[PDB]
Every structure is written in structure tokens, then in C-alpha cells.
Number of protein chains: 2
Amino acid sequence: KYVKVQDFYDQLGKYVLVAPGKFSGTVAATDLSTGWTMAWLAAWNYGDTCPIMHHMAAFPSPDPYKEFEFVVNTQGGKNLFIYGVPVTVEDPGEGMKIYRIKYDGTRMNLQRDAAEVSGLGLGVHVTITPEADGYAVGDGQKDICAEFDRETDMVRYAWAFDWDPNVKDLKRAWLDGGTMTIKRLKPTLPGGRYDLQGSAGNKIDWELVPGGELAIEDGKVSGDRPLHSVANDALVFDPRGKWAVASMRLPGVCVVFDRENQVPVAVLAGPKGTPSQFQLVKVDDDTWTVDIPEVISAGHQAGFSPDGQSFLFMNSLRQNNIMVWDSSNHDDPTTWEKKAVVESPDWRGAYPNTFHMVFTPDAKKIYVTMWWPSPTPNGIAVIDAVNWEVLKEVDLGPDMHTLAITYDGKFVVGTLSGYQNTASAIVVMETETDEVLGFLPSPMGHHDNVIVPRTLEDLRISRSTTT
Amino acid sequence: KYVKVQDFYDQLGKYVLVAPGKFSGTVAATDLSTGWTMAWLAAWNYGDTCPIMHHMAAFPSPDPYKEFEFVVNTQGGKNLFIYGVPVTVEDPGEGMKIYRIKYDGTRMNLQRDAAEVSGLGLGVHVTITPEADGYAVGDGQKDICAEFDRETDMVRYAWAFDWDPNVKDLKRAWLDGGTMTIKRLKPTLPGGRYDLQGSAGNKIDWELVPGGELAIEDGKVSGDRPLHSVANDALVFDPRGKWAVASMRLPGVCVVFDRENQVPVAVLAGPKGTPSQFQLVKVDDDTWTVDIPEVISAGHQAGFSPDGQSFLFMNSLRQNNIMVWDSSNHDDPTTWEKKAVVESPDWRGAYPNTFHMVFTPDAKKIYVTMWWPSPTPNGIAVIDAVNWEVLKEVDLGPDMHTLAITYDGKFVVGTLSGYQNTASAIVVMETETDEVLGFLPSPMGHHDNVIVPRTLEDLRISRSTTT
Ligand SMILES: [Cu+2]
Ligand SMILES: [Cu+2]
Ligand SMILES: [Cu+2]
Ligand SMILES: [Cu+2]
């Protein structure tokens, strides 16, 4: 007679979608086998006065439906003013919170704020270590990343990054190059803690938007110290262990760190045209530098294929493509060498902007975001990861964000977020012939989403090895 | 191969569902033809410091996808402490806002706070007048209801209700009878404004929950004036025009009001066992009284069938049934006689509590809510409104709130809201053989929802004639 939406959910199976909602100030888990939201959480109700719920990542649980834990961070300050919502809050809080929350089989519970426990507030990407024993956050306003311990929320190590332009004027500070310093950040407060919550640390007073390097160069982004900015975005993890990679938007490079010995060991150069790497120079036991002749393009998204064998960093802005290194040699990242660039005619200038990606478990395909400012249709591009070529692009709607995949490989689940004021949805695509099955309602401006992994192997294609 | 969710939405058609989300702080509209959320608004963004978004109702729009306008009010104070979210807020806002919001075919726009325009702040049911030229709001803490003009947001008339118990002890205050006063409530501030925003007016410090009539009796509800409460809930409208009916929870009556002459004309007695009406006595030009020998039962849900020929009030609490009156004589409500009572073996003392309803366009059936405290399954009873009998009950999940219906009469659309901390959903049932088609995600604690009407006729089965 009639069609039952339960038939759609029957095919997706018992996966748990989690996603935060940015200006909605909520986070929510959804049952993809029934269409229910399992639980949601409103941070205002906990006294947060700028609850911009931003990025997030879930630890694996053997049964997400009885329990799971996740990490979700917030942004604050003038970040509240930069989207199209005519916000009337005067003096909002400062965000940079890192909330630990546990779903217990009925409700979500706010465990604590890790930014308080560690001393270190960081407001961009959140990922889980491949061993599920901790997590990392990055922040492009203060240019710090750190890997924290799951059980205590204390920082295992934290790196601060600094730019020293060869030309001291914002228009040229990146294009004509400079030296980046890589600096061990050491705790300064009792108990092993930092003094870097909320805005403490900030160089620029809000996070650079997609294309937002142009803005910083044109002197349109305020802050104390924009000339020193690199805009770190993320620390993503090699699935094989040992190394974590920090992405720096403005200087177009990624830094490979030794997690156990807490040194950086290599710098990979993003733009097509430049070598595989630049030279890392140790200055002292806590200080390294790297010189860059010119920044030919800012980069964004960074991540490893599930087997560890390829590493990717996206050029965005002046170039627009995916640079791929061969990371085959687990024993020494200073050998990792460029082996492929994914290019496509429509990939010119800042838009479409490729800010997020997910591999299929066997690693032969990639789903990658194509973002544009309103009104141009946003979408997904499907990449052949064996030959490194675009297979197809699907237009979907406004403001495309992240992409997650069911662990059996079969369905891609993505979020579009209305720029915080217009249409928002969850999108489902099947990966056998890459077609959209449609949209589920989602009143939230998500800039992240995940499916709760069950095993350490599922994390290799979740929020761990890519953003 | 795969089922597309678009197939389920193709059978629903271009209807727009709207609902607010109570603790979530937000409000959202969904395109039931594509699964997208069309847009959503987070009240914290406009500086509201207790954005419990409560009840709402939408003006008809000839094309809602192009634009439509709605009203959504808030609660604050200690309402924020009444649910199991371990809220930690120091100085919560007082709530009782009445927002005017307009969707402009891209975004939601906050137009203003009707409670600041009028001075009169009310936080329970919001309904639209059948001519779509104004709206009404009730409040069970202050015991006031009013009709507001749509263009100016100024009060057309408002009424204040007061209880004068025969026994001055909260335990007997309603059981052993009393007198209720109906007072015309007049502006005290310049320009025809009230001085009654926020907590001003409050007799008890929070709204009574389902079954909370026993809490007030037991001295569990603090406030300044509990012995005087009646807990007004709503002012629903005869779809034929002329009359509005205010429901009074604690004394178990409804008062019929003549909208244009600004006087009450009749009082309907809810519990089975009592006559059709108690006698309204005029005291002076602004004051009427009505005596009740004893209150056998509190009531709650109240509303008209779409042709106006039947009027319903739900006994909850000490009886649990639907009382029905013959309202076919539109010239004189003092002739409305009880004509039936719907009863069911399971409907004994408070739970399930039947607090929400919607009619089919032809008025031949009613979908009514059945609410229990966690953990018993809440759901929907289907009522034969030709013979006044229950047809079936369907169990759904936690915390069942309101129901709407598509104006072609084909699909019933309801909200479950997880007691603000667990599972939430929208549910879809087809009215042809009353089977549930399944659930769409909705991370929101809705106590309201509407499908946006397109004509005046549509309002006869929207938030106008029933809550
Ligand atoms: Cu990023
Ligand atoms: Cu973001
Ligand atoms: Cu009610
Ligand atoms: Cu309510």
C-alpha cells in the first residue's frame, strides 16, 4: 500500500550517527536502524554562554547502544559574529572548551571539561588516537596542537607553531615565504597544567573560514599577531601507530611528529611544484625551524588512507588539488615522497574547497567534500584512490561539511549545514554505484559527524586518520 | 538494490512541519517532501538566557516554501529545574516570551517579542484565531489568557482567573469545591500595555506537569498563591467564529467567551457525573463568578471538531476520559449539552494522560496522545468520533507530546521528546488503516508541532481548534 520509512533504515543497519550543531548549541546521536534520535544535549543548560559546539570524535565501544564516550569542543569570542545570523549577544564567553560526554544507553551525560582539567583550550579539529587511548585537538587561532590521555584528560605533549614572514606586510607574509618555528609547549601551572583556556594564546580573533587566507592577507581578520599566524587545523594519526601529523593552513605544510619520543621528524610540502619535503632544522631540545622559499598555496584537509600506505594533503586557495605521498615506509617519514596529485578542471581557486574526506575500508575510493559560499550547490566528489582521479561529482545542496562511512563500507553519511541559517540535512549515498539515497532532517549546523566505531580497525576510517 | 528515502517522502507531499524543542533552545521547519530541514533558529543567539521554547502555532500561508509566519513562546524560572537534566544555571531568565518569527523562504527571522510589545507575558498554549488575524496565549502559573492582534501584537482582551477554595488547605482545595472568579484584566501601563512580563503575575513557580495536580495538593509546588490557582492552559477557538474557550485544569471546567463583546457566556463542567454547565453569575461589568460544589477531576485537553458541532474536554487525574458536548447551536453556548463520554478499560487515574489531539478533515476520527512517565511506552489512541469509542492504541516510545495532520487527512505527524534527556523522534502514521510508517530524527524536546496551513479551512485541524 504505502511505503514505510523503516524500510530505508533496515538497509543501513545498527549504526549510531553522532554530530554537533555549531550555532544550534546542541549535540545529538541518531539511530540509523530506526530513525530515532537516541539522545541530544544542550550545552546552554550547563551554563555555557557561547555554546558553539564544533568538532568531535567518538571512541570505539563494543556496543554503542548500551554506552559510548565522545569528545566535542567549542568556539567562542568573535567566532559568534562571523556567520549570517544577526546575533545580539554582547560579551559572549570565549569557548575553546573540550567537553567529554558519555551516552549511557538512555541519556548523554556531561562528564567534565578537558580544557579545564588540562589547562589547554583548543577549538578546531578533534581526533582519536588509533589505540583509542586518547585524542588530539588542534586550534588555528592560537596555533597549538596536543595529544591528551583518555583517562586523565592530561596533555601527553603539545606543540606551538609560529610564523616569521620574509616580507613583513600581510599581503606578502605567506606568498614570499618565511621560517616556521616548531616549539615544545611546557605546562606552567601546578599539576602539569597550562594557562591557555578560552582566548589565552589567540593570535587572530576568529578561525579562518574556507578561503579565509585571502581575508587575513587583506588585513580583514583582527588579532594581536596575524603576521605570526600559521592556522594549524588538525593533528591526524597514522593508523599503524607511531606518528601524528599536524596540518598548517597558511604555510601549506604538514609536520610529522614522533608521538612516543615527542619530536617532529619531517615537514611535508603541500603545493604541486614544490619538493616532497622541506628541511627540518633542530635549534635546541625544544625548538625546531623550517624554512619555506614561497608559500605557493595554503593547504587544508590532511589524512592517511586506512592501511597507512598513502598520505594526503589538499591544496585550497591558489591551488586546488589533492597531493598524495607514499607513506609506505612506516619506519622513517623522512622518506615519504610525492607519488600522485589528484586534479580536475573545476578545481581552480578557493572553490570548490575540498575540506573533508573519508576512505572506503579497502582504501580504493575516497569521498571528498566540495564546499562553496551561498548560492552555488555544494556536493561530494568520488575519487578513484587506485589511479588518483575524480570519478564523479554529485550536487547536493548548501554548505557541505563532513563525511563518515558505515564500517561495512556500504553507505556514506554526510552533513550539510545551511551556513547556520538555511537548509540543513543528513545525506546518505550508497557506495556500490555511488548514488544518493536521500536526506534525513537535522536542525543543526554540524561541522563534524561520526559513526560510533565498534573496533580499533573501524577507527581507521573515522575521526582518527582524517578530518 | 537499495531503497531511497525520497520514496517515503514522495508519498507525503509538500507539507512543512514546524516544531520547537523545549530544552534544546531551538525551533525548526522540515520539508516533508524531501527530508531537509528548511531552517532553524537557536534563541541563545539573540541573548535569551533561558530559551525554553515551548508552544507555537503557524499563520496559513498560500505558499509556506516561499514564506510563513509563526508565534513561539518560552518558559523560564524554575521550569528549567523540573525535568531530569542536571541543569546548572545561576540566574536563569524568567521566560514567558512570545516570539514572532518569519521564514522568508531561506531563513528564519526573529521579528520581535510580542510580550515586550504588549507587556503581557504568557508561557503555555499558543493558538491562531480562525480568521488568521490574531493569536491567543494562556498561562497556568499566572492564570491569564488573552487574544492578541496579529498586525500590532497588542492585546484585544485578556482574562484572569482566581480560585476561592471552600476548604483553605491545599489537599482539599479543589476536591471540596470553591468559587472561580473571571476578571477582565486591564492594561495598567501607558499606551494600553500590561505590566506582566516574565515572572510578574506568577502564583506558582513552575507549570504543573501531567499529574502535577497532586503535587500542588501535596504542597510540593511553591509559589506565592497556590490556594488560588486554577492553572489555565489554553484558549481554543470555535472554527465557526464568535467564541473562544479557556480551559481550567485544576477546577475541571472550560469557560466560553464571546470574542467581540468581551464577556464570558458559559461554563462547561468537565467530569462525568456532573451537569453540562455550572451557572455563571455576573458580579459587575468586569467580574463574573461560578461555583463548583466539588471538583471530581482536573481536566486538560480541550477543543472543537472542525465543523464546530462537537466540543471536547479531557478529564485527567481522578477520572480519565473524553467528555463531549453538542456545540451544534452556534448562536448560544448556554445550550451546549453533554452528549457523550469516551472511556477505556486502561484509562484509570492520571496515566495514560490524554493531553493532545487532532481530528481528520471529515471529523470522523480523532488521534489522541497517551502520555506516561518513564519507562512505560507512550503512544497514540485512535478514536471513532461517530460513535465515541476507542478504535485502537499504538505504542511508540518515550514522552509523547502533540499530533498534527496533513491537510489532505492522509498522514498523522507526531513528536516524542524523551523527557528532554532520552530518545526523541517525529512519527508518521497513515490514517487509512492507522499503521505507523516509522520515525524521522528530531534532536529536540518538542511540546508542540504544526503543519503550516495553507488556507483558513486548514486551521480547523491545526493549532486553532485544539491543542
Ligand atoms: Cu579543517
Ligand atoms: Cu567549523
Ligand atoms: Cu495543555
Ligand atoms: Cu510543555
# chains A, B, ... in the order shown; residues from 1 in each chain; ligands from 1

call {"tool": "residues_around", "arguments": {"residues": "residue 299 of chain A", "least_positions_apart": "4", "cutoff": "9 Å", "atoms": "only C-alpha atoms", "output": "list in words"}}
result
residues 247, 248, 249, 250, 251, 252, 253, 254, 270, 271, 313, 314, 315, 316, 317, 319 and 320 of chain A

call {"tool": "write_last_selection", "arguments": {"atoms": "N, CA, C and O atoms", "output": "mmCIF file, in the first residue's frame"}}
result
data_model
loop_
_atom_site.group_PDB
_atom_site.id
_atom_site.type_symbol
_atom_site.label_atom_id
_atom_site.label_comp_id
_atom_site.auth_asym_id
_atom_site.auth_seq_id
_atom_site.Cartn_x
_atom_site.Cartn_y
_atom_site.Cartn_z
ATOM 1 N N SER A 247 48.568 19.787 10.603
ATOM 2 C CA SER A 247 48.344 20.459 9.324
ATOM 3 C C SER A 247 48.400 21.958 9.576
ATOM 4 O O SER A 247 47.906 22.437 10.599
ATOM 5 N N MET A 248 49.109 22.703 8.705
ATOM 6 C CA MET A 248 49.220 24.137 8.887
ATOM 7 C C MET A 248 48.635 24.804 7.638
ATOM 8 O O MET A 248 49.259 24.778 6.581
ATOM 9 N N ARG A 249 47.468 25.452 7.761
ATOM 10 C CA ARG A 249 46.805 26.030 6.572
ATOM 11 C C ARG A 249 47.707 27.031 5.831
ATOM 12 O O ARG A 249 48.074 26.784 4.683
ATOM 13 N N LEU A 250 48.260 28.044 6.526
ATOM 14 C CA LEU A 250 48.765 29.238 5.848
ATOM 15 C C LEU A 250 50.085 28.953 5.153
ATOM 16 O O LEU A 250 50.328 29.439 4.050
ATOM 17 N N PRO A 251 51.005 28.220 5.809
ATOM 18 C CA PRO A 251 52.307 27.924 5.227
ATOM 19 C C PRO A 251 52.267 26.745 4.263
ATOM 20 O O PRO A 251 53.215 26.562 3.509
ATOM 21 N N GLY A 252 51.125 26.087 4.047
ATOM 22 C CA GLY A 252 50.996 24.932 3.128
ATOM 23 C C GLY A 252 51.861 23.722 3.492
ATOM 24 O O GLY A 252 52.579 23.233 2.613
ATOM 25 N N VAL A 253 51.961 23.334 4.788
ATOM 26 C CA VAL A 253 52.833 22.150 5.094
ATOM 27 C C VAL A 253 52.211 21.335 6.229
ATOM 28 O O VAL A 253 51.267 21.837 6.902
ATOM 29 N N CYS A 254 52.724 20.100 6.407
ATOM 30 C CA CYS A 254 52.240 19.272 7.499
ATOM 31 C C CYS A 254 53.488 18.817 8.172
ATOM 32 O O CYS A 254 54.513 18.769 7.478
ATOM 33 N N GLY A 270 53.134 21.121 0.768
ATOM 34 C CA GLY A 270 51.866 20.819 0.125
ATOM 35 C C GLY A 270 51.870 21.038 -1.377
ATOM 36 O O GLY A 270 51.464 20.171 -2.134
ATOM 37 N N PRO A 271 52.231 22.260 -1.863
ATOM 38 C CA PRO A 271 51.777 22.637 -3.208
ATOM 39 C C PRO A 271 52.367 21.768 -4.332
ATOM 40 O O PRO A 271 53.554 21.359 -4.276
ATOM 41 N N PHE A 313 47.290 15.641 1.467
ATOM 42 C CA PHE A 313 47.020 16.971 1.958
ATOM 43 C C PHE A 313 46.462 17.773 0.764
ATOM 44 O O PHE A 313 46.864 17.576 -0.369
ATOM 45 N N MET A 314 45.421 18.557 1.032
ATOM 46 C CA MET A 314 44.676 19.186 -0.045
ATOM 47 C C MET A 314 45.263 20.587 -0.170
ATOM 48 O O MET A 314 45.483 21.271 0.844
ATOM 49 N N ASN A 315 45.582 20.981 -1.401
ATOM 50 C CA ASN A 315 45.784 22.398 -1.633
ATOM 51 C C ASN A 315 44.395 23.024 -1.784
ATOM 52 O O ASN A 315 43.492 22.366 -2.323
ATOM 53 N N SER A 316 44.195 24.220 -1.203
ATOM 54 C CA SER A 316 42.967 25.029 -1.331
ATOM 55 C C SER A 316 43.376 26.473 -1.572
ATOM 56 O O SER A 316 44.469 26.812 -1.161
ATOM 57 N N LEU A 317 42.593 27.327 -2.224
ATOM 58 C CA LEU A 317 43.059 28.716 -2.431
ATOM 59 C C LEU A 317 43.660 28.913 -3.819
ATOM 60 O O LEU A 317 42.998 28.872 -4.832
ATOM 61 N N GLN A 319 46.260 27.004 -5.213
ATOM 62 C CA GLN A 319 45.914 25.786 -5.923
ATOM 63 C C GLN A 319 44.820 25.040 -5.201
ATOM 64 O O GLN A 319 44.371 25.353 -4.083
ATOM 65 N N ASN A 320 44.413 24.070 -5.943
ATOM 66 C CA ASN A 320 43.235 23.338 -5.640
ATOM 67 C C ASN A 320 43.374 21.903 -6.139
ATOM 68 O O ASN A 320 43.026 21.611 -7.254
#

call {"tool": "calpha_fit_rmsd", "arguments": {"fixed": "chain B", "moving": "chain A"}}
result
0.2 Å

call {"tool": "residues_around", "arguments": {"residues": "residue 303 of chain A", "least_positions_apart": "6", "cutoff": "12 Å", "atoms": "only C-alpha atoms", "output": "short mmCIF file (atom, residue, chain, number, x, y, z; two decimals) with N, CA, C and O atoms, in the first residue's frame"}}
result
data_model
loop_
_atom_site.label_atom_id
_atom_site.label_comp_id
_atom_site.auth_asym_id
_atom_site.auth_seq_id
_atom_site.Cartn_x
_atom_site.Cartn_y
_atom_site.Cartn_z
N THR A 127 40.45 14.41 17.19
CA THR A 127 40.54 13.10 16.57
C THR A 127 40.86 12.11 17.70
O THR A 127 41.30 12.57 18.77
N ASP A 233 45.33 23.25 11.83
CA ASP A 233 43.91 22.89 11.79
C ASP A 233 43.72 21.61 12.65
O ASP A 233 42.75 21.47 13.40
N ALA A 234 44.67 20.69 12.57
CA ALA A 234 44.41 19.32 12.99
C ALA A 234 45.71 18.59 13.34
O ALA A 234 46.81 18.94 12.89
N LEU A 235 45.58 17.54 14.21
CA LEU A 235 46.64 16.56 14.33
C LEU A 235 46.01 15.20 14.04
O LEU A 235 45.15 14.74 14.81
N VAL A 236 46.29 14.60 12.88
CA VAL A 236 45.64 13.33 12.45
C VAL A 236 46.66 12.24 12.72
O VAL A 236 47.86 12.62 12.81
N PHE A 237 46.20 10.97 12.80
CA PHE A 237 47.10 9.92 13.30
C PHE A 237 47.37 8.89 12.22
O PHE A 237 46.47 8.56 11.45
N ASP A 238 48.64 8.41 12.13
CA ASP A 238 48.92 7.33 11.21
C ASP A 238 48.13 6.11 11.72
O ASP A 238 48.25 5.79 12.92
N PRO A 239 47.34 5.32 10.92
CA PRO A 239 46.64 4.20 11.54
C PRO A 239 47.59 3.12 12.12
O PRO A 239 47.11 2.29 12.86
N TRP A 243 53.12 7.78 14.49
CA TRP A 243 53.26 9.17 14.06
C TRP A 243 51.92 9.92 14.06
O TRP A 243 50.85 9.35 13.87
N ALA A 244 51.96 11.21 14.35
CA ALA A 244 50.82 12.07 14.23
C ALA A 244 51.19 13.23 13.30
O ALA A 244 52.33 13.66 13.27
N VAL A 245 50.28 13.72 12.48
CA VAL A 245 50.64 14.72 11.50
C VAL A 245 49.80 16.01 11.76
O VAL A 245 48.59 15.93 11.84
N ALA A 246 50.49 17.17 11.96
CA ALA A 246 49.83 18.44 12.21
C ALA A 246 49.73 19.27 10.92
O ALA A 246 50.70 19.44 10.21
N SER A 247 48.57 19.79 10.60
CA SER A 247 48.34 20.46 9.32
C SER A 247 48.40 21.96 9.58
O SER A 247 47.91 22.44 10.60
N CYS A 254 52.72 20.10 6.41
CA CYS A 254 52.24 19.27 7.50
C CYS A 254 53.49 18.82 8.17
O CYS A 254 54.51 18.77 7.48
N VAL A 256 55.13 15.94 10.59
CA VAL A 256 55.10 14.59 11.11
C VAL A 256 55.84 14.61 12.45
O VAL A 256 56.96 15.09 12.58
N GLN A 309 49.33 3.46 3.85
CA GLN A 309 50.28 3.48 2.75
C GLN A 309 50.28 4.82 2.01
O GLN A 309 51.23 5.03 1.28
N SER A 310 49.17 5.62 2.02
CA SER A 310 49.19 6.93 1.38
C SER A 310 48.93 8.03 2.39
O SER A 310 48.16 7.79 3.34
N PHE A 311 49.58 9.18 2.22
CA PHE A 311 49.15 10.34 3.00
C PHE A 311 48.67 11.44 2.01
O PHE A 311 49.33 11.67 1.02
N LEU A 312 47.65 12.19 2.38
CA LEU A 312 47.02 13.21 1.52
C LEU A 312 47.02 14.55 2.23
O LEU A 312 46.77 14.61 3.44
N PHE A 313 47.29 15.64 1.47
CA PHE A 313 47.02 16.97 1.96
C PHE A 313 46.46 17.77 0.76
O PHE A 313 46.86 17.58 -0.37
N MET A 314 45.42 18.56 1.03
CA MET A 314 44.68 19.19 -0.05
C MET A 314 45.26 20.59 -0.17
O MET A 314 45.48 21.27 0.84
N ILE A 322 44.56 17.47 -4.60
CA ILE A 322 44.96 16.61 -3.50
C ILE A 322 46.35 16.07 -3.78
O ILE A 322 46.55 15.33 -4.72
N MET A 323 47.30 16.46 -2.97
CA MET A 323 48.67 15.96 -3.09
C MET A 323 48.75 14.63 -2.29
O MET A 323 48.29 14.48 -1.13
N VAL A 324 49.32 13.60 -2.89
CA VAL A 324 49.40 12.29 -2.22
C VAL A 324 50.85 11.89 -2.04
O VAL A 324 51.48 11.81 -3.10
N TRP A 325 51.33 11.60 -0.80
CA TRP A 325 52.65 10.99 -0.61
C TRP A 325 52.64 9.47 -0.45
O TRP A 325 51.75 8.83 0.12
N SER A 327 53.48 6.98 1.97
CA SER A 327 53.89 6.77 3.34
C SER A 327 54.22 5.30 3.75
O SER A 327 54.15 4.99 4.96
N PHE A 355 37.40 20.42 1.90
CA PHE A 355 37.83 20.43 3.31
C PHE A 355 37.70 19.09 4.10
O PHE A 355 38.29 18.94 5.22
N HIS A 356 37.02 18.07 3.54
CA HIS A 356 36.88 16.81 4.32
C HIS A 356 36.80 15.53 3.49
O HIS A 356 36.48 15.58 2.30
N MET A 357 37.15 14.38 4.07
CA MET A 357 37.23 13.19 3.22
C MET A 357 37.05 11.93 4.08
O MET A 357 37.02 12.05 5.30
N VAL A 358 36.66 10.81 3.44
CA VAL A 358 36.57 9.50 4.07
C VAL A 358 36.89 8.45 3.02
O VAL A 358 36.51 8.57 1.85
N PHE A 359 37.72 7.47 3.43
CA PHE A 359 38.04 6.33 2.58
C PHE A 359 37.05 5.21 2.77
O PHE A 359 36.42 5.12 3.84
N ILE A 366 37.64 7.36 -2.29
CA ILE A 366 37.60 8.44 -1.32
C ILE A 366 36.35 9.23 -1.61
O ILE A 366 36.08 9.51 -2.80
N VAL A 368 34.97 13.02 -0.96
CA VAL A 368 35.57 14.31 -0.58
C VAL A 368 34.57 15.44 -0.81
O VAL A 368 33.81 15.46 -1.79
N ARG A 460 40.11 3.49 11.70
CA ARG A 460 40.99 3.85 10.57
C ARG A 460 40.24 4.60 9.47
O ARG A 460 40.93 5.15 8.55
N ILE A 461 38.89 4.48 9.46
CA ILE A 461 38.07 5.29 8.54
C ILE A 461 37.01 6.14 9.23
O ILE A 461 35.91 6.39 8.74
N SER A 462 37.37 6.57 10.42
CA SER A 462 36.58 7.50 11.20
C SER A 462 37.47 8.71 11.57
O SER A 462 38.56 8.91 11.01
N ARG A 463 37.16 9.32 12.70
CA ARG A 463 37.72 10.59 13.03
C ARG A 463 39.00 10.36 13.84
O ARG A 463 39.04 10.64 15.04
N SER A 464 40.11 10.01 13.10
CA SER A 464 41.35 9.48 13.67
C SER A 464 42.43 9.71 12.58
O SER A 464 43.41 10.45 12.74
N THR A 465 42.15 9.19 11.40
CA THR A 465 43.14 9.28 10.38
C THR A 465 42.80 10.39 9.41
O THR A 465 43.66 10.69 8.61
N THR A 466 41.61 10.99 9.44
CA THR A 466 41.34 12.15 8.55
C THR A 466 40.30 13.03 9.24
O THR A 466 39.74 12.63 10.25
N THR A 467 40.05 14.22 8.72
CA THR A 467 39.02 15.11 9.22
C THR A 467 37.91 15.30 8.16
O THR A 467 37.00 16.03 8.59
#

call {"tool": "residues_around", "arguments": {"residues": "residue 111 of chain A", "least_positions_apart": "5", "cutoff": "8 Å", "atoms": "only C-alpha atoms", "output": "VMD selection string"}}
result
chain A and resid 99 to 102

call {"tool": "write_last_selection", "arguments": {"atoms": "C-alpha atoms", "output": "PDB file, in the first residue's frame"}}
result
ATOM      1  CA  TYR A  99      33.733  18.543  26.623  1.00  0.00           C
ATOM      2  CA  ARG A 100      33.808  14.836  27.490  1.00  0.00           C
ATOM      3  CA  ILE A 101      30.353  13.388  27.221  1.00  0.00           C
ATOM      4  CA  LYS A 102      29.121   9.804  27.779  1.00  0.00           C
TER       5      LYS A 102
END

call {"tool": "interface_residues", "arguments": {"of": "chain B", "to": "chain A", "cutoff": "7 Å", "atoms": "only C-alpha atoms", "output": "count of residues only"}}
result
38

call {"tool": "residues_near_ligand", "arguments": {"ligand": "ligand 4", "cutoff": "9 Å", "atoms": "only C-alpha atoms and all ligand atoms", "output": "ChimeraX atom specification"}}
result
/B:22,54-55,75,123-125,207,209,401,446-448

call {"tool": "write_last_selection", "arguments": {"atoms": "C-alpha atoms", "output": "JSON list (two decimals), in the first residue's frame"}}
result
[["chain", "number", "residue", "atom", "x", "y", "z"],
["B", 22, "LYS", "CA", 11.91, 22.93, 24.77],
["B", 54, "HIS", "CA", 7.56, 25.93, 24.36],
["B", 55, "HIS", "CA", 4.31, 26.11, 22.38],
["B", 75, "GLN", "CA", 9.15, 29.37, 29.82],
["B", 123, "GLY", "CA", 4.05, 30.64, 28.53],
["B", 124, "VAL", "CA", 1.57, 27.76, 27.86],
["B", 125, "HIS", "CA", -0.60, 27.12, 24.76],
["B", 207, "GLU", "CA", 3.96, 24.95, 35.26],
["B", 209, "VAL", "CA", 3.30, 18.68, 34.77],
["B", 401, "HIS", "CA", 3.57, 15.22, 23.03],
["B", 446, "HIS", "CA", 9.15, 19.31, 21.31],
["B", 447, "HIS", "CA", 5.96, 20.08, 23.30],
["B", 448, "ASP", "CA", 4.32, 21.36, 20.08]]

call {"tool": "atom_distance", "arguments": {"atom1": "atom CA of residue 122 of chain B", "atom2": "atom CA of residue 139 of chain B"}}
result
5.1 Å

call {"tool": "residues_around", "arguments": {"residues": "residue 150 of chain A", "least_positions_apart": "5", "cutoff": "9 Å", "atoms": "only C-alpha atoms", "output": "ChimeraX atom specification"}}
result
/A:132-135

call {"tool": "write_last_selection", "arguments": {"atoms": "N, CA, C and O atoms", "output": "PDB file, in the first residue's frame"}}
result
ATOM      1  N   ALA A 132      42.691   4.049  20.590  1.00  0.00           N
ATOM      2  CA  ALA A 132      41.600   4.540  21.397  1.00  0.00           C
ATOM      3  C   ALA A 132      42.055   4.857  22.810  1.00  0.00           C
ATOM      4  O   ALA A 132      41.235   4.743  23.720  1.00  0.00           O
ATOM      5  N   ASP A 133      43.306   5.275  23.026  1.00  0.00           N
ATOM      6  CA  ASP A 133      43.704   5.545  24.406  1.00  0.00           C
ATOM      7  C   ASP A 133      43.860   7.053  24.606  1.00  0.00           C
ATOM      8  O   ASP A 133      44.468   7.496  25.582  1.00  0.00           O
ATOM      9  N   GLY A 134      43.388   7.892  23.681  1.00  0.00           N
ATOM     10  CA  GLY A 134      43.497   9.314  23.938  1.00  0.00           C
ATOM     11  C   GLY A 134      42.953  10.002  22.685  1.00  0.00           C
ATOM     12  O   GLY A 134      42.371   9.318  21.832  1.00  0.00           O
ATOM     13  N   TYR A 135      43.213  11.293  22.524  1.00  0.00           N
ATOM     14  CA  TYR A 135      42.601  12.098  21.488  1.00  0.00           C
ATOM     15  C   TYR A 135      43.505  13.305  21.280  1.00  0.00           C
ATOM     16  O   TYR A 135      44.361  13.618  22.133  1.00  0.00           O
TER      17      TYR A 135
END
